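Contents: one structure, followed by commentary.
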Amino acid sequence: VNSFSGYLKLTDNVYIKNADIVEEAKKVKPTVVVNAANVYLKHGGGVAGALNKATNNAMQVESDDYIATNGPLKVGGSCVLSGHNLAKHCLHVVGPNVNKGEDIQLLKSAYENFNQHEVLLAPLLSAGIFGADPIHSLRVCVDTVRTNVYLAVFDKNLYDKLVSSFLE
Ligand SMILES: CCNC(=O)c1cc2c(N[C@H](c3ccc4ncn(C)c(=O)c4c3)C(C)C)ncnc2[nH]1
């Protein structure tokens with residue numbers, strides 16, 4: 001039903017909220033929820049772990065079956081699979097992990113995958129333990145994504161820093 005509420009409007013197509021993406025999926029019932037994935041779709045940590053546990057491991061079982069037949073994704077690439085009880089679809093997107101020396105230019109390719117979907121609920125790509133500068137990730141999102149994106153950032157201090165920086 002895509003019932004997004006409580007978001008700050010950054011641009012005509014980008015919105016942001018201090019929220020847990022799992023609780024937003026449950027409230028919103030989005031057509032697409034984005035997972036901040038890795039290339040072998042191992043959902044043990046961070047956002048991926050939180051989404052998988054909220055599906056009672058159904059997302060990991062589906063992902064393992066996908067990987068056995070298709071192999072891993074590339075950094076900057078994506079894969080649409082079921083959204084299970086959280087969304088109609090889950091768009092698994094691999095942003096570069098700069099803490100492991102991956103190419104930051106691939107963050108643009110990662111966000112370009114969002115343009116295949118009219119509206120998405122998403123986390124801030126390559127942020128947190130992936131090490132990219134979160135202000136840079138938001139700028140890449142705003143400059144790359146043309147479709148409607150609702151960003152859930154589960155950290156009040158980070159949310160306030162991003163909003164303050166964007167409003168300069
Ligand atoms: C209480 C259950 N929910 C969560 O743990 C949770 C965590 C959530 C979250 N995390 C953000 C984030 C973004 C990109 C990432 N890319 C790769 N990896 C490995 C991450 O762990 C990762 C994490 C950080 C930057 C705040 N963003 C929204 N919603 C959330 N929910």
Side-chain angles (χ1 to χ4, degrees), residues 1-38 43 45-55 59 75-81 83-84 86-99 102 104-168:
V1 324
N2 297 308
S3 68
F4 295 98
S5 67
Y7 286 74
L8 227 79
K9 196 172 189 178
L10 293 178
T11 72
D12 288 336
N13 70 296
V14 180
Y15 298 88
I16 190 164
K17 187 177 181 179
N18 167 208
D20 174 4
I21 195 175
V22 171
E23 296 306 308
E24 287 296 298
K26 293 181 190 172
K27 210 189 331 279
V28 171
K29 297 172 48 178
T31 300
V32 180
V33 64
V34 173
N35 179 30
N38 55 39
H43 310 305
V47 163
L51 290 168
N52 177 54
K53 287 176 191 78
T55 72
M59 179 180 286
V75 174
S78 70
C79 190
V80 174
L81 290 175
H84 304 281
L86 296 176
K88 182 180 182 242
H89 304 294
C90 179
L91 178 68
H92 297 272
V93 176
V94 183
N97 182 341
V98 321
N99 285 329
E102 299 180 344
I104 191 57
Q105 301 187 258
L106 290 170
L107 187 51
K108 185 172 197 60
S109 178
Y111 277 115
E112 183 67 43
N113 295 296
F114 289 26
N115 288 327
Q116 300 209 286
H117 300 278
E118 302 186 47
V119 55
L120 315 88
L121 168 63
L124 190 66
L125 300 179
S126 292
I129 216 178
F130 270 27
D133 182 329
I135 296 174
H136 176 64
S137 182
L138 177 59
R139 293 184 185 137
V140 176
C141 184
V142 163
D143 290 348
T144 308
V145 183
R146 293 177 306 264
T147 57
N148 297 315
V149 56
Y150 290 85
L151 296 168
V153 175
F154 186 49
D155 182 324
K156 186 188 182 291
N157 275 338
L158 179 58
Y159 169 87
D160 288 337
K161 260 160 231 171
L162 288 168
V163 169
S164 181
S165 177
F166 198 79
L167 296 182
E168 284 176 8

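In what follows, every heavy atom counts, from backbone to side chain, and hydrogens, waters and symmetry copies are set aside. Numbers here simply count residues along the sequence, with the first being 1.
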Between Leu151 and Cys141 the two heavy atoms that sit nearest each other are CD1-SG, 4.2 Å
Counting only N and O atoms by type, is there a donor-acceptor contact under 3.5 Å from the side chain of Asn97 to the main-chain atoms of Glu102? no
Which class fits the ring pair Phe4 and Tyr150: parallel under 30°, tilted 30 to 60°, perpendicular over 60°? parallel
Kindly give the heavy-atom pair with the smallest separation between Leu158 and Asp155, and that separation in Å. N-OD1, 3.1 Å
What I'd like to find out is whether the side chain of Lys161 reaches to under 4.5 Å of the side chain of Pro134, using heavy atoms alone. no
Is there a donor-acceptor contact under 3.5 Å from the side chain of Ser165 to the main chain of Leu162? no
Looking at side-chain heavy atoms only, is the closest gap between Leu10 and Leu138 below 4.5 Å? yes
To the nearest 0.5 Å, atom OG1 of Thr55 lies from atom CG of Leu86 at 6.5 Å
When rounded to the nearest 0.5 angstrom, what is the spacing between CZ in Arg139 and NE2 in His136? 9.0 Å
Heavy-atom side-chain proximity of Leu51 to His43 below 4.5 angstrom: no
Has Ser137 got a side-chain atom pairing as donor or acceptor with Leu125's backbone, closer than 3.5 angstrom? yes
Single hit among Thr11, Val14, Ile135 for side-chain contact (heavy atoms from CB on, under 4.5 Å) with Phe166: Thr11
Please report the shortest heavy-atom distance between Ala48 and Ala36, naming the atom on each side. CB-O, 4.0 Å
Distance-only donor-acceptor hits, side chain of residues 113-124, under 3.5 Å, sequence neighbours excluded:
unit_1	atom_1	unit_2	atom_2	d
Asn113	OD1	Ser78	OG	2.9
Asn113	ND2	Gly76	O	3.0
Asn113	ND2	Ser109	O	3.1
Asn113	ND2	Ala110	O	2.9
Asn115	OD1	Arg146	N	2.8
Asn115	ND2	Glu112	OE2	2.9
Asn115	ND2	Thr144	O	3.1

Rounded to the nearest 0.5 Å, how far apart are OH of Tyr15 and CG of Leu8? 11.0 Å
Identify the two heavy atoms, one from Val33 and one from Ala87, that lie closest to each other, and give their separation to 0.1 Å. CG1-CB, 3.6 Å
Please check if the side chain of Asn35 supplies one atom and the backbone of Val93 the other of a donor-acceptor pair under 3.5 Å. no
Contact check, side chains of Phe154 and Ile21, non-hydrogen atoms, under 4.5 Å: no
Checking side-chain contact (heavy atoms from CB on, under 4.5 Å) between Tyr111 and each of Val34, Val140, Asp143, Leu106, which is the one that passes? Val140
Give a yes or no answer on whether the side chain of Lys17 reaches the backbone of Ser5 with a donor-acceptor pair at less than 3.5 Å. yes
Correct closest heavy-atom pair for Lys26 and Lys29 would be O-CG, 4.1 Å
Around atom NZ of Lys53, are there more than 12 heavy atoms from other residues, nucleotides or ligands closer than 6.0 Å? yes
Short side-chain to backbone donor-acceptor contact, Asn18 and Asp160, under 3.5 Å: no
